[PDB]
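The structure appears below as C-alpha cells.
One-based numbering along the sequence shown.
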Amino acid sequence: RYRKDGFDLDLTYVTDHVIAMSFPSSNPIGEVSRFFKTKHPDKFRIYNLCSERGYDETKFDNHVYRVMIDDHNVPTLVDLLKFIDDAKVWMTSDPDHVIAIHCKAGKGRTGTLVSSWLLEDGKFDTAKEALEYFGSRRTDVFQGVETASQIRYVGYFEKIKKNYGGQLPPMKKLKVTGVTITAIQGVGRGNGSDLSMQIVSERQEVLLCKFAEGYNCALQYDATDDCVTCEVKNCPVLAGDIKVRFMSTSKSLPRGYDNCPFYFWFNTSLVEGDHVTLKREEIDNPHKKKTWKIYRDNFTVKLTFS
C-alpha cells in the first residue's frame, strides 16, 4: 500500500524500477493515471495481464502492453518470452524507465511475470528465490504466486536462460497414452469412477476422457495400491502449452480454481523423456493446504506419453 504525496494505491515497488499493482478501475483509474504522469512522466510502461478485462489505455498515454492470461492460469511460454523481450528493451534504454505490472490483485499472474523479469535482470539465480522475493513484497514460493503452474512457468523461464540460451528449446510433440493417479482413496468416489480428464490446447478442448464409461479411455482401479491407471485413446498430437483438467461428477470433491477439482499446465517441449509426474504441491488446487485431507502427501498425477 503506497501512501505518500496524496496518492492511496495498492501499488508496490518490487524494485526501484519495477512496480506491482492492482487493477486500475472504474485503485481508481484517474488516480493510477495521475500517479504515473506525476511520479514517472514519460518513463513508464504498463503491462495489463488480464485476459478478461481491459480499460481506457489513454489514461496512460497508450503505453499499455497486453498479455492475455486467464485468472489462475499462465501465459503461453511464447507470450512470457515476448514480455521479457519487450520489458528488457524498455528497461535498458533509459535508466529512468520503469515498468508496472498488474492484473486483478497483483498476485499470481503478476508474480509470474515479475519473478521472470527478476531472473532476466539478474537479481536472483533461481526461480524459487525470485518467487520468495515477490512473495515478501506482496503479502514461501506460494506467497509469490497463486498456483503450481505459475511456479512451473517461472521454472520454465529459468531453464530457458540456463539451458537453451534465452531462446525456446527444440520442438517436441507428444501424445498422452496413459494417466496414473496415486492415493486415490478419499478423492471423489476413491476409485476414479467419478473422474474425467480434459486436454486443452490453444483454448480449445482437444480431448475428453470419461473414466467409468470408457469414453476415449479404459480405467483400471487397483485398491491394493490405492491407485488408478487409465489408458488414454485417440489423443491428437499435442504441441506447446497444454492444460489438463480433471472434473468429477462427485458431490464431495470440491472445485478449487478454474472450475474443477485439480488441473495443471505443462509445455510439450520441456517434458523430459517419456512421462511427467506431478507431486501434490505441483498440481493446481491440491497445492493448497486446505485440501490436504483430500489429497494426501503421496497424491500424484502422472501422464505417460509416446
Side-chain angles (χ1 to χ4, degrees), residues 72-74 108 128 131 140-153 155 174-200 207-233 235 238 242-267 270-306:
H72 308 113
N73 289 277
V74 289
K128 169 188 225 268
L131 283 157
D140 182 34
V141 99
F142 301 99
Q143 318 295 4
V145 291
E146 292 178 29
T147 85
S149 293
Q150 285 163 351
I151 299 178
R152 161 176 319 111
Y153 269 57
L174 296 163
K175 293 173 175 219
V176 174
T177 53
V179 61
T180 310
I181 309 181
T182 56
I184 199 63
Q185 143 155 115
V187 173
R189 296 250 253 107
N191 57 7
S193 66
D194 56 296
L195 296 186
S196 57
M197 199 194 52
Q198 187 199 40
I199 303 183
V200 168
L207 193 70
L208 177 49
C209 294
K210 300 184 201 194
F211 294 179
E213 312 80 335
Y215 188 115
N216 290 318
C217 58
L219 166 70
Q220 263 240 255
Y221 162 55
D222 176 18
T224 304
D225 279 293
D226 186 24
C227 81
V228 292
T229 303
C230 217
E231 196 212 310
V232 176
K233 299 175 184 182
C235 184
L238 306 184
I242 306 296
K243 175 175 171 182
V244 180
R245 298 171 79 251
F246 295 80
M247 304 167 285
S248 178
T249 50
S250 135
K251 226 93 206 216
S252 38
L253 234 203
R255 291 154 184 216
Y257 303 147
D258 204 59
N259 205 39
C260 68
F262 50 99
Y263 66 107
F264 65 82
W265 293 79
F266 69 99
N267 181 285
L270 283 174
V271 159
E272 217 161 313
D274 57 299
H275 76 268
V276 64
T277 309
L278 305 179
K279 288 186 203 145
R280 173 188 63 192
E281 81 198 85
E282 306 173 309
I283 304 172
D284 300 336
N285 292 342
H287 79 292
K288 277 275 156 46
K289 177 168 174 168
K290 65 166 195 207
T291 69
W292 296 356
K293 307 269 165 75
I294 290 173
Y295 311 101
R296 296 169 269 124
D297 71 24
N298 53 317
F299 186 79
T300 59
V301 174
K302 178 169 51 149
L303 301 173
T304 305
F305 302 118
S306 73

- Message: Looking at every heavy atom in both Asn298 and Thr182, which two are closest together, and how far apart are they?
- Response: O-OG1, 2.9 Å
- NZ/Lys128: more than 12 non-hydrogen atoms of other groups inside 6.0 Å: no
- Task: For the pair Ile199 and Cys235, evaluate side-chain contact (heavy atoms from CB on, under 4.5 Å) and give the outcome as yes or no after the intermediate values.
- Result: CA-CA 9 Å; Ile199 303 183; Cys235 184; 4.2 Å; yes
- Task: Determine the minimum heavy-atom distance between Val187 and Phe299, stating which atoms define it.
- Result: CG2-CE1, 3.9 Å
- Donor-acceptor under 3.5 Å (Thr177 side chain, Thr304 main chain): yes
- More than 12 heavy atoms of other groups within 6.0 Å of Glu213 CD: yes
- Nearest atoms (heavy-atom pairs only) where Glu146 meets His72: OE1-CD2, 2.8 Å
- Please answer whether the main-chain N or O of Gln185 pairs with a side-chain N or O of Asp226 as donor and acceptor at a distance below 3.5 Å. yes
- All pairs passing side chain to side chain donor-acceptor pair (under 3.5 Å) where residues 188-200 contributes a residue, at least two apart: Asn191-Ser193, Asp194-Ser248, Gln198-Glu205, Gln198-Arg245
- How would you list, by chain and number, every residue that makes a side-chain contact (heavy atoms from CB on, under 4.5 Å) with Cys217, sequence neighbours excluded? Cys209, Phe211, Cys230
- Contact check, side chains of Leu219 and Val228, non-hydrogen atoms, under 4.5 Å: yes
- Look at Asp297 together with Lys279 and state whether they make a salt bridge at an N to O cut-off of under 4.0 Å. no
- Message: Using the ring centroid of each side chain, check whether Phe264 and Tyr153 are separated by less than 6.0 Å.
- Response: no
- Kindly determine whether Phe262 and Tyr295 satisfy ring-ring contact (aromatic ring centres under 6.0 Å, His included), including the steps that lead there. CA-CA 10 Å; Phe262 50 99; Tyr295 311 101; 5.7 Å; yes
- Can you find a heavy atom in the side chain of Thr300 that is under 4.5 Å from one in the side chain of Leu278? no
- Query: Under 4.5 Å between any side-chain heavy atoms of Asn285 and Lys290, yes or no?
  - Reply: no
- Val301 side chain reached by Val244 side chain, heavy atoms, under 4.5 Å: no
- Task: Please check if the side chain of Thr147 supplies one atom and the backbone of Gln150 the other of a donor-acceptor pair under 3.5 Å.
- Result: yes
- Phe305 and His275 aromatic centres sub-6.0 Å: no
- Message: When you measure from the side chain of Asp258 to the backbone of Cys260, do you find a donor-acceptor pair of N or O atoms at a distance under 3.5 Å?
- Response: no
- Item | Close side-chain approach of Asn73 and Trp265, heavy atoms under 4.5 Å | yes
- Side chains of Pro254 and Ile294: closer than 4.5 Å at any heavy-atom pair? yes
- Within 45° cone of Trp292 ring axis and under 6.0 Å: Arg280 NZ or CZ: yes
- Which heavy-atom pair separates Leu207 from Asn216 by the least distance, and what is that distance? CD1-ND2, 3.7 Å
